[PDB]
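Novice: as they sit in the full assembly, here are the leading chains:
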Amino acid sequence: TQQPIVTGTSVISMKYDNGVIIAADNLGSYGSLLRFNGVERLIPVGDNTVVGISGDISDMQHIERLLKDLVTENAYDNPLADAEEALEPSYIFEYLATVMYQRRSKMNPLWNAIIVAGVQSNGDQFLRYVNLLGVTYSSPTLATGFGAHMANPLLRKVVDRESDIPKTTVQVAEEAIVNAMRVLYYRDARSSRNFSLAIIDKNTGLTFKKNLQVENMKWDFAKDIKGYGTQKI
Amino acid sequence: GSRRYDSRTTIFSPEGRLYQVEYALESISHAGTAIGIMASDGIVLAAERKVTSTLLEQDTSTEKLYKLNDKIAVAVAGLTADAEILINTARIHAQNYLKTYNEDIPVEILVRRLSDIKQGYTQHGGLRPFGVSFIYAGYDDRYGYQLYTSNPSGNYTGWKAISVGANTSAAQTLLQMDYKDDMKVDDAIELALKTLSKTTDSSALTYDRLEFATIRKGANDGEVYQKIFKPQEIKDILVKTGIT
Amino acid sequence: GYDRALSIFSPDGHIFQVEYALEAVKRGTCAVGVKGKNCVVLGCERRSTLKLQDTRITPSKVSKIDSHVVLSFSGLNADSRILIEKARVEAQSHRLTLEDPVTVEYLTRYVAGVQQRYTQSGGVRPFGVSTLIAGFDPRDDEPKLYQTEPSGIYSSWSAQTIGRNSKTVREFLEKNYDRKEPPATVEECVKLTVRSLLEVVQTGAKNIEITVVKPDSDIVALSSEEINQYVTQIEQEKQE
Amino acid sequence: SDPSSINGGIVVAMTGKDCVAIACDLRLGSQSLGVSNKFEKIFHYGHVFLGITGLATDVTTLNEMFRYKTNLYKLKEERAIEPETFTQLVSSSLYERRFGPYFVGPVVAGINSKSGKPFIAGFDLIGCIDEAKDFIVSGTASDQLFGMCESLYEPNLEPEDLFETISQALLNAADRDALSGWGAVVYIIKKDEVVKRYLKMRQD
Amino acid sequence: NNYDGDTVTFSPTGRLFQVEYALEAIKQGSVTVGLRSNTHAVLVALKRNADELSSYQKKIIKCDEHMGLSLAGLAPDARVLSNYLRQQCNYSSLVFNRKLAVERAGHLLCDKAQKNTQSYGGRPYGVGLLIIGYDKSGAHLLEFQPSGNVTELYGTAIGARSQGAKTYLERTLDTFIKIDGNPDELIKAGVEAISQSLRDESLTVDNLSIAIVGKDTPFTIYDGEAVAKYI
Amino acid sequence: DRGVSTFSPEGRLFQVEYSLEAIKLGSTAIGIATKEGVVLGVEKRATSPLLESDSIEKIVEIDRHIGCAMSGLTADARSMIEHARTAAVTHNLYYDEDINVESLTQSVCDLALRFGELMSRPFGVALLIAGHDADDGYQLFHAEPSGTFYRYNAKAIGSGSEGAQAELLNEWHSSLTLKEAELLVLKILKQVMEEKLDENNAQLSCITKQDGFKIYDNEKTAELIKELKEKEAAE
Amino acid sequence: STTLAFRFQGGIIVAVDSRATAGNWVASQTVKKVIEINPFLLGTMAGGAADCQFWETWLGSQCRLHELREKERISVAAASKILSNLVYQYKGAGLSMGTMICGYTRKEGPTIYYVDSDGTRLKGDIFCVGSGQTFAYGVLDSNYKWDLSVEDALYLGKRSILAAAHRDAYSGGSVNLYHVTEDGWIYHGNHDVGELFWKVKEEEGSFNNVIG
């Protein structure tokens, strides 16, 4: 049993017709102090998987080292390491899910919420969640922390069920993700303007975008707001 | 591997004997003779130190007779270092019993415990046995004065008079000849010294080549006193009995 | 820990360490067991090479395991103490958990099991001891007599002997013991037991020990004079 | 609840001219209930005397433990243990149970057989040695005993005078404590004679 | 000679005799054949009986839905090693949601057998194994030796008189590798291969044991009247 | 000396092969499986007439649906029986059902090779394990100290085994009745035994689906012996 | 839970209710609170459902092993003590059990042992265990005799559970009856309280407080 010290906020994601999109901001908070402003919380594994992590950053760095080691270990005595016997998103997730549930069972959890986004060998979209309790679930849209409360509602308007996935393009999906990130910056007190976004497509592969910013913000209406009720000046 | 160098200390011969026990007994047969004689009013322990020197500090020396508690003592025959390992274990066992039951340990129970330890080294562990034979002289309120002996096999037996170490065959014959049941301590003292004087490999039996002890109820009223004899006191009892 | 396999098979399918343990039993003083109609008697040889012995305090050959069961033996004396101690502990443990004293068969099966375990365990040699276990089951008047040996096999006997010159006394018992009509009384059973030992013992003085066990925890050891009277009567009938 | 005041009791020791004195009450109780009036708290191993206050099971256990250890000492050393040496043995033995201690308040008293010098010492429940010249106190009425000793005591008292001083220190301290009393014993100790005196006191 | 008392001792020519003696136990064992195409992999095993009243000792063991082996030598040692494979296949599935690769299964068997050849007290395994399987890179056939040596092959045979079947497969190499999408013909080739190792005795209904795994075919064992079709 | 787990140049474990020689010295045990049940019979072989023969226990119950006969160093069999009984009862606890005869046999055989430098040597006893289950019906297994077990329609172990096995070769057929099997075991035991066969030096037992495992009374066996004598004198 | 057992002329009567609850929620009305350990031993179940079920079916495995090893039926004393010694090992860990071990052997006759998760093991003639034990005790103690017929004893047990089923909120459902004799136990049916209450009320003239 511990308490989280340096923490990362929401990770958001969704499926679209040819793949999956995932995003997360670049902040490492120390309570109410916005301590570290250059923290990468999306960690790619090969060219077919991106693991997004929220919660305790020291535990995130530990998980990052486990995944790095997993790639090394998979290559050992494996002539098809970059082909048929490469790491799949499903393999990477199940490993993490095993570790998370084992650690909670020893009463010493990795204080994180994790989303594994990727594309399988047969082109199928992979998107699944796991957290400090070892709880797992899948959905056309997935989000952690504040994202669950604010992002999911917006992303579910695009893809409400399974049959909406083939009808959703990469442009429409990315647009929805970027808008959700703006909304989280308006409303989450532990978020930052700077974020990273990753697309995993079955045709065009892994596209990792760094140093993105929330833009097209509405603040002008603030000038008209005066007092808390009766005040006019 | 390591099997190559294992002597296998705990095996039977084709005849059903324990090799190492038999060879340990052969070792003990070259040790200085120790005699125990039980009387109606006490017990005598006499023992011969092995070929000493004039430069040996006798008054502070102890190789034969050891105190286990206030009521029980032992005479040693064999490897002195091996004996001290067992003696310290026996001293502890007596104290454990005293702490548990708040009574002094009965002689036989102490003897059985030490004998069981010796037995273990002949059945398991792959270690050599202790090359030691003990004569136990003790008193308790159940059986009174008691003499026992134990050997490397872990077998123990009770005695009226007994010898261990060198020339036991000759010594046991002499004791069997002159011993009587109604004998007293002073008479037993004389018998013990006379027996050693005849069985000794030395030219003459002197005070500097002996260790002597008595367990007497010759203590003021109903209680038992252990007396480890001093060099001068061994010299006096040798003159009294008419050996020197 | 010392793990060396001392008891192992040989090309002809024998375990020599177990067989050499039987040779130690052959060397041991003779012990005999005879069961009558309402009793069991355990006879034991005392070698008279050891005089100046204190018979009060010297370890007796027959040992009580519980108030209703006894154990005698032939072989290594030091080894027998270990089996006796284990048996005494198991007897009290059985009373504690089952709320009933051990049957004679159960106690035998335990002692036999311990002996067997020492024939296929690393770093240990077999016990150089064979035992005769006798007594009466709780609330039962049928006599019980069992034998064990170093290998760990055990079985029930109408009458049996173990130790040195046991071949001779077994010869005697096989012709003198009738199954259809066993020794009806204590006297007849003790007499047959002393007779069987007199084939081997030498002098009938302090060389024979007798212990009579009857139902309902009635165990007593006969004295020198009581046994001497049997010795006297046997030879006076023999002079004819 | 507090282990050191379930059973109750007290011990006091004093030095005099070529002599020492050690005394204790005889009560054993279960809180308010008085159980025994024959529970002596002073023991001796050879010429070294040990008083022990506190939890009674530990008083008994430690006595048995120090009898055990002083008997082995004597067999190996071929001499009786001295007060100075025994004091160190008590301290060592208590500190080995640092984080699971015996709930006791030991007091050592005796005369060194070689130098003839009078010796007293006290301990806390985990081994700290208080080696006072004048007096040592222990138990549930230790505050009371401190007050009595500090006023009544003077140095170089003769054995028969020292008896009166220590006896009055114990008796009047015990009478101001609910968990002490029910009889008392006083040991007067000289180099080669020891007198034991049972005191007449109020039985409430 | 003087250097065969235990597995921890090299001979003067650098040989390990205890390992070689373990290899000898395989040669005494009954013949078993393995072969594969691109779609399927087949095991054929000649089972051995004690006498006419006895049953015929089973030769083939299933390790997973996609993997299994046939044995030749000490059967209890095959049970230990097959149990280890079952566990390793199972660890891969539970932890990584991943079917164990046949090549990696061979590597694990090699390393397990090796530890028994370098340490004092233990002994080498006294059995040879033929592992077949279908994984993400298609059909596979492996040959395990208790020296530790594992080898991937198109076809092979181990046991007594296994040289006859091994030569036949060496001739038929170009034919049977092409038998794709036809399980019965691939088994026929395996039954014809094991027939080259027979003397005096012939393939009966309770003598023959066949196993197959493939693209849309779980590892299944055929015994009894199920193999009468191929006799 | 040499390792306990050493291979011979022929590829056999020395100790296992030596334990098989000890089993050849043991008393005879025979088992015959039929569609009406499995029969188990043993030679008691008392070393002396004073030995009470009914205390010789060479046929043993493992569960209600599984019995067992032994041959060789019979003391070694006690821990094997204990394990078998525990395995049978434990499986019933875990699965609320009877355990398969083959699975029980496999569990016993797993102990066999657990020896080295675990126990110090292999078992010096062979077992005939007979039973019934719903899947494979009436079965008879031969469990060796090598860890190997064969199923048998009929099997003999012990000192008179190869002579008895040759006799079982001719006599066994798939339509044998239980009564026919009982007499057949008695016939073959009488053939290979040193002493003359009677109800006191030989013991019969069977396992049926209805009644389970039963050791036969000396009175019941005595009748079957008398029935055997008459039918042999009939031609 | 209401479970009882009592010794009498015709052996032992065992009677139990059928209800299982989680708080105020009635989880089951069809629970088997009697365990058939063997044809001669019965165990009752009160407290934690799992603890009782698990360890009493486990007890049956230990009893079967005893009679395989000793070629003899296990005594009620020995069987009860195996269970009490086991739960004593777990003392403090939080097991929750109140059980009667009931049987009949030659050496003992009809015997009942109360076994408890605190380690308590008591031999006795009458026992009632569970939340509704006090209600069952009232009927038993006023009507119990040694000289009862198997028919009358069975009814007294049935009636005593009914009394507790009525008043105790955590008891009810149905009544399972067993009768233990020299030749083993004999099941005497499941009796729904919803039909038994009205039947007993009418025939017996009892429960005049309730309207029917």
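Specialist: Looks like it came in fine. Numbers count the residues shown, from 1 in each chain, chains lettered A, B, ... in the order given.
Novice: number of nearby residues for residue D:35?
Specialist: Applying other C-beta atoms under 10 Å in any protein chain shown, we find 12 other residues in the vicinity of residue D:35. Backbone N, C-alpha and C define where each C-beta goes, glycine included.
Novice: three-state assignment of it?
Specialist: Under DSSP: H, G, I helix; E, B strand; the rest coil, the three-state class of residue D:35 is strand.
Novice: flag every buried residue along stretch B:57-67.
Specialist: For stretch B:57-67, the neighbour count (16 or more other C-beta atoms under 10 Å in any protein chain shown) marks B:58, B:63, B:64, B:65, B:66, B:67 as buried.
Novice: also stretch B:67-83?
Specialist: Residues of stretch B:67-83 classed as buried under the neighbour-count rule (16+ other C-beta under 10 Å) are B:67-80, B:82-83.
Novice: just the residues you listed: which are in strands?
Specialist: Those of the buried residues of stretch B:67-83 mapping onto strands are B:67, B:72, B:73, B:74, B:75, B:76, B:77, B:78, per DSSP state E.
Novice: for the fourth one, list each beta-bridge partner.
Specialist: Beta-bridge pairing for residue B:74 (DSSP bridges): residue B:66, residue B:136.
Novice: got the contact list for it?
Specialist: Contacts for residue B:74 (C-beta atoms under 8 Å, 6 or more residues apart in numbering or on different chains) come out as B:65, B:66, B:68, B:87, B:90, B:134, B:135, B:136, B:137.
Novice: picking that back up, and the ones in strands among the buried residues of stretch B:67-83, which is closest to chain D?
Specialist: Set against chain D, the nearest of these by C-beta to the nearest C-beta is residue B:67 (5.9 Å).
Novice: how about that closest one, what does it touch?
Specialist: The contact partners of residue B:67, by C-beta under 8 Å, 6+ apart, come to B:73, B:226, B:228, D:75.
Novice: just give me the neighbour total for residue D:3.
Specialist: For residue D:3, the count of nearby residues is 15 (other C-beta under 10 Å).
Novice: as chain H, please add this:
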Amino acid sequence: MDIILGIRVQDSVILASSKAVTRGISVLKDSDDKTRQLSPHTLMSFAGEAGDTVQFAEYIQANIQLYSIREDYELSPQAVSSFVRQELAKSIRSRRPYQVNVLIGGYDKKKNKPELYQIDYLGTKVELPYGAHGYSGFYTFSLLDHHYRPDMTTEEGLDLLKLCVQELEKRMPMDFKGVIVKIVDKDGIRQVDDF
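Specialist: Alright, chain H goes in next:
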């Protein structure tokens, strides 16, 4: 359990122990014997937490019976009491201590004297002319302080014990369902069947 009493007279020790066993709400039994014979001339009564009491008593019983068989000799009451005390003194610093208080009544055949030892669960031993555990002593010690003598007969001891039980039945809130009385003397242990 509840009330256990002991009194040592001229030539015997008398132990009295309540018969009730109470599982919270109900009295499950009214004939419970809260004692075990450790040896022919030594009896131990006990009271404390459920389960622990019997488990401890039977464990001590087994150990003393084992000693008796091994040595063919009966331990003195003093020796048995010291063994019991050590077990409880060991127990109090265990993971889960034995919550058991005991009285040990024995007749020493060597000294020809009765002996009564009171030991609590901490391992606190005292030899006494009369003793009690729990709330029993609060009522009974005043009576015993007044009436007791060292030279009393066994019959006088039983009468003084009846006066103790009568006081307990008058002033104690719990119904302990009477007591089982047992006498320990030179002839062994016997139960007074009418009390």
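Novice: again for the neighbour count of residue D:3, chain H present now?
Specialist: 16.
Novice: now do the one 5 residues further on
Specialist: Counted with other C-beta under 10 Å, residues neighbouring residue D:8 total 27.
Novice: please report how far residue F:1 lies from residue B:122.
Specialist: Using C-beta to C-beta, to the nearest Å, we find residue F:1 at a distance of 20 Å from residue B:122.
Novice: name the residue of chain A with the shortest distance to chain H.
Specialist: Closest to chain H within chain A is residue A:107: 20.6 Å, counting by C-beta to the nearest C-beta.
Novice: hmm, the longest helix belonging to chain C in reach of chain F?
Specialist: Ordering each helix of chain C by length in residues (DSSP state H) puts helix C:77-98 first. No - with C-beta under 8 Å from any C-beta of the partner chain as the criterion, chain F is not reached by helix C:77-98; the gap is at least 15.0 Å.
Novice: pull out the buried residues from that helix.
Specialist: Those would be C:77-85, C:87-92, C:94-96, C:98, for helix C:77-98 by 16+ other C-beta under 10 Å.
Novice: I'd like the next helix or strand past that helix.
Specialist: Toward the C-terminal end, the helix or strand that comes next after helix C:77-98 (DSSP states H and E) is helix C:104-117.
Novice: off-centre distance for the host helix or strand of residue H:68?
Specialist: Secondary structure from DSSP H and E places residue H:68 in helix H:52-71. Remark: helix H:52-71 is offset 16 Å from the chain centroid, using C-alpha atoms, centre = their mean, to the nearest Å.
Novice: buried residues in it, which are they?
Specialist: Neighbour counts over helix H:52-71 (16+ other C-beta under 10 Å) mark H:52-58, H:60-70 as buried.
Novice: the longest helix of chain C packs against which elements?
Specialist: Judged by 3 or more C-beta pairs under 8 Å, 6 or more residues apart in numbering or on different chains; DSSP states H and E, the packing partners of helix C:77-98 are helix B:107-123, strand C:69-75, helix C:104-117, strand C:129-135, helix G:76-89, helix H:52-71.
Novice: can you add chain I next? sequence is:
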Amino acid sequence: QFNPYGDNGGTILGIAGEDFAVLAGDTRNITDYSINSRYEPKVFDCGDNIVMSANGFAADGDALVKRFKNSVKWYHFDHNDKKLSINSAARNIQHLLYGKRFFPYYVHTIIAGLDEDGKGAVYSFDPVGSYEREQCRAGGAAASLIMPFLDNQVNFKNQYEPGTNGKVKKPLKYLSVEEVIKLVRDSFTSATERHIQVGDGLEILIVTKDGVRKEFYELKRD
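Specialist: Take a look at chain I, now in place beside the chains above:
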């Protein structure tokens, strides 16, 4: 302080027919007042014609199902591909649950299938392993809403025959698979209305001698 347990909501229902058995469960997965997934399968085919569901804390639920599926696999390996009967599966699950008696799987487990006589079977477990064969059982969040309805409409409790007035009970006539599916659908529709953790979708697994069939139905998504 760290809390190793959580509540993922959901509700499950098992009904045993005369020659069939159904095990149903909603597909919604939640924490607190949020929806994790509208379609997360909760009822699983475990092989050997056995279906299983472990409702409550999903991590423990997935762990248990995973370990039981594993037990089926090893049962085949160890006992010559023998079919694991529903009664044997039930006892095995008791030991899996009781094995963690002092750190329990926080789930309500139900299995369904056919017994060895071909008749429909449902078994029900508590978190620490106590179990019982039943004709009818609901488990999880809305169990308290559904069970009373099933007492009434499956076992005809408190129902009597017209004209007799409480004297003659309604006879316990057997229900077809079409009739059972109607009762399951109505049970979940009703539970969805009044329980916030129930909704999104209903997945039913039907077990017969022919095998395991699946049926899916939409539920309200609010």
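Novice: what do you get for the neighbour count of residue D:3 once chain I is counted?
Specialist: Residues lying near residue D:3 (other C-beta under 10 Å) number 16.
Novice: can you tell me how far it is from residue D:55?
Specialist: With distances taken as C-beta to C-beta, residue D:3 is found 5 Å from residue D:55.
Novice: where do the contact lists of those two overlap?
Specialist: The contact sets of residue D:3 and residue D:55 overlap at residue D:103 (C-beta under 8 Å, 6+ apart).
Novice: can you give me the angle the longest helix of chain C makes with strand C:129-135?
Specialist: Between the axis of helix C:77-98 and that of strand C:129-135 there is an angle of 40 degrees, by axes from the mean of the first three to the mean of the last three C-alpha atoms, to 10 degrees.
Novice: now do helix C:77-98 against helix G:76-89, angle only.
Specialist: Note on geometry: by the same axes, to 10 degrees, helix C:77-98 and helix G:76-89 are set 90 degrees apart in direction.
Novice: does residue C:209 touch residue C:221 like I think?
Specialist: Yes - because the distance of 7.3 Å satisfies C-beta atoms under 8 Å, residue C:209 is recorded as touching residue C:221.
Novice: quick check: neighbours shared by the two?
Specialist: Between them, residue C:209 and residue C:221 share these contacting residues under C-beta under 8 Å, 6+ apart: C:60, C:62.
Novice: so these two - more neighbours on which side?
Specialist: residue C:209 (22 against 14).
Novice: what sits against that one?
Specialist: Residue C:209 is in contact with C:43, C:44, C:45, C:46, C:60, C:61, C:62, C:221, C:222, C:227, counting by C-beta under 8 Å, 6+ apart.
Novice: closest one of those to residue D:157?
Specialist: Distance to residue D:157 across the contacts of residue C:209 (C-beta to C-beta) is lowest for residue C:60, with 63.2 Å.
Novice: which helix runs longest in chain D?
Specialist: Selection of the longest helix in chain D by residue count, based on DSSP H, yields helix D:56-77.
Novice: I'd like to know which elements it is packed against.
Specialist: Right, helix D:56-77 is packed against helix B:80-101, strand D:42-45, strand D:48-54, helix D:83-95, strand D:104-111, helix H:77-91 by 3+ C-beta pairs under 8 Å, 6+ apart.
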